[PDB]
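One structure is given below, encoded as structure tokens.
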Ligand SMILES: *[C@@H]1O[C@H](CO)[C@@H](O)[C@H](O)[C@H]1NC(C)=O
Ligand SMILES: *[C@@H]1O[C@H](CO)[C@@H](O)[C@H](O)[C@H]1NC(C)=O
Ligand SMILES: *[C@@H]1O[C@H](CO)[C@@H](O)[C@H](O)[C@H]1NC(C)=O
Ligand SMILES: *[C@@H]1O[C@H](CO)[C@@H](O)[C@H](O)[C@H]1NC(C)=O
């Protein structure tokens, strides 16, 4: 990982700071408020 | 709290010389000049 | 650390930061030199004997 | 995605006490950090993931290839969790415990 950050194949002695270079692409969730507030669609669509 | 919200990639690295070793440095300086 | 500061955890933001590239390497390396100079400052000020 | 809030993070149970009307939550840096679950009305805290980087202690590549790794300030009873070492390759987990 510190070979990748320096972009060199030989690294001298000392302390370095590496990048992340690691990944774990996760899933997603979407929570939005409870749906209740129904419509009078049944009234217009269903009748006699 | 002081450094809580500022972990958006910013960090405050601690000094390499701690406060007690600097105290011994100053103690040596003061113990050499008085003798 | 740029990948954290300039934008939070996000794949495409880092992907497009790759195009800019070396500014970050120059910016991180700019601050480090400062930190090492601070340590050297304290070392040379206090450690005479 | 809560109530039109877009972001990335890890959600955990929180401790702050809101008001009956207040919903969001903002920190000093003016970013969302606490969000109330729309359906069941508790409070969840948002924390960053993916610890950005570590510091490797290595000698010259002339001598050898064994290295040490320093974690910045983290108490290491949870570095297997903080690093998320479970998903790492087995080579990394040598330096994880
Ligand atoms: C490895 O050793 C050679 C000869 O001793 C030297 O020229 C070179 O700089 C060294 N490389 C390091 C220490 O990374
Ligand atoms: C949504 O449904 C759950 C389960 O029936 C219920 O407990 C909750 O109260 C509903 N949402 C609202 C806003 O009432
Ligand atoms: C209308 O009536 C039909 C048959 O009775 C039923 O299947 C349907 O669910 C009702 N509502 C709508 C909106 O069509
Ligand atoms: C790290 O956590 C353990 C477990 O709570 C605790 O015993 C230890 O003192 C902690 N270390 C520091 C430096 O606080």
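How high is the FRET efficiency between residue A:7 and residue D:82 when r is their beta carbon distance and R₀ equals 35 Å, given to the nearest 0.05? It comes to 0.80. Inter-chain neighbour count for B:1-8: the average number of beta-carbon atoms from partner chains within 10 Å of each residue's beta-carbon is 5. For the pair residue C:23 and residue D:43, label points projected 7 Å from Cα toward Cβ lie 3.8 nm apart. Geometric descriptor of the range D:18-71, per residue, is 128 Å³ (volume of the convex hull of the Cα atoms). Fewest neighbouring Cβ atoms within 10 Å first, the residues D:41, A:38 line up as A:38, D:41.
Highest mean packing first, where packing is the average number of other Cβ atoms within 10 Å per residue, the peptides D:20-29, B:8-17, A:27-36 line up as B:8-17, D:20-29, A:27-36.
Averaged over peptide D:87-94, the number of partner chain Cβ atoms lying within 10 Å of each residue's Cβ comes to 1. Here the residues D:16, B:6, ranked from fewest to most Cβ neighbours within 10 Å of their Cβ, fall in the order D:16, B:6. A simple spin-label model places the labels of residue D:19 and residue B:11 3.8 nm from each other, with each point 7 Å out along Cα-to-Cβ.
Per residue, the Cα convex hull of chain D amounts to 157 Å³.
Panel note: the C-alpha atoms of chain A, placed on their principal axes, show extents of 87, 17, 11 Å (largest first).
Considering only D:63, D:47, D:32, the mean-square fluctuation computed in a Gaussian network model of chain D, springs between alpha carbons under 10 angstrom, is largest for D:63. What the Cβ-Cβ distance of residue C:45 and residue D:55 gives, at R0 = 30 Å and to the nearest 0.05, is a FRET efficiency of 0.70.
Laboratory data are not the source of any read-out in this text; all were calculated from the coordinates shown. Reconstructed Cβ throughout: ideal geometry from the backbone, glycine too, with neighbour counts over all protein chains shown.
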